[PDB]
Amino acid sequence: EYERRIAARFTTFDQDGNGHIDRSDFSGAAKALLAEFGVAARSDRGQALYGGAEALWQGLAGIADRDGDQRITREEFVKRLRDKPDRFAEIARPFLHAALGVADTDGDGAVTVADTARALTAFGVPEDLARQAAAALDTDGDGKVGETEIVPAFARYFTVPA
Ligand SMILES: [Ca+2]
Ligand SMILES: [Ca+2]
Ligand SMILES: [Ca+2]
Ligand SMILES: [Ca+2]
Ligand SMILES: [Ca+2]
Ligand SMILES: [Ca+2]
Ligand SMILES: [Ca+2]
Ligand SMILES: [Ca+2]
Ligand SMILES: [Ca+2]
């Protein structure tokens with residue numbers, strides 16, 4: 001179970017599935033989300049999402065790329081994330097904020113549960129599970145998913161329970 005839980009988290013970052021985490025895993029994730037919502041890469045929201053993704057890669061690399069080759073292997077990839085999950089969530093905050101912007105289709109600063117599910121599928125979550133996860137992210141049940149729900153959820157998700 002534990003090792004399976006760890007692989008799940010690794011697989012989330014290893015978007016292209018090739019067994020190491022690269023900047024391009026993150027670039028690819030940004031590209032997928034923008035495509036899902038028809039947001040132009042060159043738009044303000046597009047540039048903000050790529051900048052946020054690049055910042056999260058650098059944070060994660062800072063933590064886990066022990067030999068400095070700018071790929072994080074399965075091997076290199078948990079304890080550091082478990083002991084300080086809040087710090088890692090803040091590293092991800094610009095990315096998560098930008099992702100919400102992209103998934104906000106009417107511009108009112110809120111994202112629907114259905115569009116949260118769309119975002120998750122852009123990041124490789126199969127459609128059925130994404131609906132279930134999106135629903136779970138809406139912890140106050142108002143049908144709107146926000147930064148105050150997503151950022152702590154992210155912190156928790158990357159705290160692999162022992
Ligand atoms: Ca990869
Ligand atoms: Ca750019
Ligand atoms: Ca490395
Ligand atoms: Ca919306
Ligand atoms: Ca909205
Ligand atoms: Ca479908
Ligand atoms: Ca189902
Ligand atoms: Ca909510
Ligand atoms: Ca709410």
# chains A, B, ... in the order shown; residues from 1 in each chain; ligands from 1
>>> residues_around(residues="region 44-53 of chain A", least_positions_apart="2", cutoff="12 Å", atoms="only C-alpha atoms", output="PyMOL selection string")
chain A and resi 13+22-35+37-42+55-60+90-105+107
>>> residues_near_ligand(ligand="ligand 3", cutoff="8 Å", atoms="only C-alpha atoms and all ligand atoms", output="list in words")
residues 64, 65, 66, 67, 68, 69, 70, 71, 72, 73 and 76 of chain A
>>> atom_distance(atom1="CA of residue 155 (chain A)", atom2="CA of residue 139 (chain A)")
15.0 Å
>>> atom_distance(atom1="CA of residue 84 (chain A)", atom2="CA of residue 61 (chain A)")
15.4 Å
>>> residues_near_ligand(ligand="ligand 7", cutoff="10 Å", atoms="only C-alpha atoms and all ligand atoms", output="PyMOL selection string")
chain A and resi 127-132
>>> closest_atom_pairs(of="chain A", to="ligand 1", cutoff="6 Å", atoms="only C-alpha atoms and all ligand atoms", output="JSON lines")
{"residue": "A:14", "atom": "CA", "partner": "ligand 1", "partner_atom_place_in_ligand_line": "1 (Ca)", "distance": 4.2}
{"residue": "A:15", "atom": "CA", "partner": "ligand 1", "partner_atom_place_in_ligand_line": "1 (Ca)", "distance": 5.7}
{"residue": "A:16", "atom": "CA", "partner": "ligand 1", "partner_atom_place_in_ligand_line": "1 (Ca)", "distance": 4.7}
{"residue": "A:17", "atom": "CA", "partner": "ligand 1", "partner_atom_place_in_ligand_line": "1 (Ca)", "distance": 5.3}
{"residue": "A:18", "atom": "CA", "partner": "ligand 1", "partner_atom_place_in_ligand_line": "1 (Ca)", "distance": 4.6}
{"residue": "A:19", "atom": "CA", "partner": "ligand 1", "partner_atom_place_in_ligand_line": "1 (Ca)", "distance": 5.7}
{"residue": "A:20", "atom": "CA", "partner": "ligand 1", "partner_atom_place_in_ligand_line": "1 (Ca)", "distance": 4.7}
{"residue": "A:21", "atom": "CA", "partner": "ligand 1", "partner_atom_place_in_ligand_line": "1 (Ca)", "distance": 4.4}
{"residue": "A:22", "atom": "CA", "partner": "ligand 1", "partner_atom_place_in_ligand_line": "1 (Ca)", "distance": 5.4}
{"residue": "A:25", "atom": "CA", "partner": "ligand 1", "partner_atom_place_in_ligand_line": "1 (Ca)", "distance": 5.2}
>>> select_by_dssp(residues="chain A", states="strand (DSSP E or B)", output="MDAnalysis selection string")
chainID A and resid 20:21 72:73 111:112 144:145
>>> write_last_selection(atoms="N, CA, C and O atoms", output="short mmCIF file (atom, residue, chain, number, x, y, z; two decimals), in the first residue's frame")
data_model
loop_
_atom_site.label_atom_id
_atom_site.label_comp_id
_atom_site.auth_asym_id
_atom_site.auth_seq_id
_atom_site.Cartn_x
_atom_site.Cartn_y
_atom_site.Cartn_z
N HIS A 20 11.50 9.60 -14.89
CA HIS A 20 12.15 10.70 -14.18
C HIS A 20 11.32 11.97 -14.37
O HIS A 20 10.68 12.15 -15.39
N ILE A 21 11.38 12.84 -13.38
CA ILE A 21 10.67 14.11 -13.48
C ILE A 21 11.65 15.14 -14.07
O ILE A 21 12.77 15.27 -13.54
N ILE A 72 14.59 14.25 -11.91
CA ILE A 72 14.40 13.61 -10.60
C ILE A 72 13.99 12.17 -10.88
O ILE A 72 12.92 11.93 -11.43
N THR A 73 14.84 11.21 -10.50
CA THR A 73 14.56 9.79 -10.73
C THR A 73 13.52 9.30 -9.70
O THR A 73 13.30 9.93 -8.66
N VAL A 111 -14.11 28.49 -9.73
CA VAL A 111 -14.08 27.37 -10.70
C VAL A 111 -15.18 26.36 -10.31
O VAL A 111 -15.32 26.05 -9.12
N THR A 112 -15.92 25.84 -11.29
CA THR A 112 -16.98 24.85 -10.98
C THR A 112 -16.34 23.50 -10.68
O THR A 112 -15.16 23.25 -11.04
N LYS A 144 -18.34 25.38 -5.89
CA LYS A 144 -17.24 26.21 -6.37
C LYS A 144 -15.98 25.74 -5.70
O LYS A 144 -15.97 25.47 -4.48
N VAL A 145 -14.92 25.58 -6.49
CA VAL A 145 -13.66 25.09 -5.97
C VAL A 145 -12.65 26.24 -6.01
O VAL A 145 -12.50 26.91 -7.04
#
>>> closest_residue(among="A:62, A:138, A:87, A:54", to="ligand 2", atoms="only C-alpha atoms and all ligand atoms")
A:54
>>> residues_around(residues="residue 83 (chain A)", least_positions_apart="5", cutoff="12 Å", atoms="only C-alpha atoms", output="list in words")
residues 78, 88, 155, 156, 158, 159, 160, 161 and 162 of chain A
>>> atom_distance(atom1="CA of residue 135 (chain A)", atom2="CA of residue 150 (chain A)")
11.7 Å
>>> closest_residue(among="A:146, A:2, A:134, A:123", to="ligand 4", atoms="only C-alpha atoms and all ligand atoms")
A:146
>>> residues_near_ligand(ligand="ligand 9", cutoff="7 Å", atoms="only C-alpha atoms and all ligand atoms", output="VMD selection string")
chain A and resid 140 to 142 144
>>> closest_residue(among="A:114, A:120, A:136, A:89", to="residue 152 (chain A)", atoms="only C-alpha atoms")
A:89
>>> closest_residue(among="A:12, A:116, A:148, A:121", to="ligand 6", atoms="only C-alpha atoms and all ligand atoms")
A:121
>>> closest_residue(among="A:79, A:9, A:63, A:125", to="ligand 6", atoms="only C-alpha atoms and all ligand atoms")
A:125
>>> decode(residues="region 111-148 of chain A", atoms="C-alpha atoms", output="compact mmCIF listing (two decimals), in the first residue's frame")
# COMPACT_ATOMS: atom_id res chain seq x y z
CA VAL A 111 -14.08 27.37 -10.70
CA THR A 112 -16.98 24.85 -10.98
CA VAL A 113 -16.65 21.26 -9.80
CA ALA A 114 -17.05 20.06 -13.44
CA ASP A 115 -14.21 22.34 -14.57
CA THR A 116 -12.06 21.19 -11.65
CA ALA A 117 -12.64 17.67 -12.98
CA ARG A 118 -11.54 18.90 -16.44
CA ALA A 119 -8.33 20.30 -14.95
CA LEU A 120 -7.56 17.00 -13.25
CA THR A 121 -8.02 15.09 -16.53
CA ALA A 122 -5.58 17.51 -18.20
CA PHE A 123 -3.08 16.28 -15.53
CA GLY A 124 -3.74 12.64 -16.40
CA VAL A 125 -6.48 11.66 -13.94
CA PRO A 126 -8.99 9.35 -15.70
CA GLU A 127 -12.39 10.94 -16.23
CA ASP A 128 -14.40 8.96 -13.62
CA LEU A 129 -11.85 9.40 -10.79
CA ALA A 130 -11.49 13.09 -11.71
CA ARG A 131 -15.21 13.65 -11.10
CA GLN A 132 -14.89 11.96 -7.71
CA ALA A 133 -11.77 13.99 -6.79
CA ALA A 134 -13.29 17.28 -7.98
CA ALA A 135 -16.35 16.65 -5.78
CA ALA A 136 -14.05 15.99 -2.80
CA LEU A 137 -12.16 19.23 -3.35
CA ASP A 138 -15.39 21.18 -2.78
CA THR A 139 -15.24 20.73 1.02
CA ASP A 140 -17.87 23.38 1.84
CA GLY A 141 -20.22 22.04 -0.86
CA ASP A 142 -21.03 25.35 -2.61
CA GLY A 143 -20.25 23.91 -6.07
CA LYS A 144 -17.24 26.21 -6.37
CA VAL A 145 -13.66 25.09 -5.97
CA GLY A 146 -11.12 27.68 -4.79
CA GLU A 147 -7.53 28.32 -3.74
CA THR A 148 -8.43 27.82 -0.05
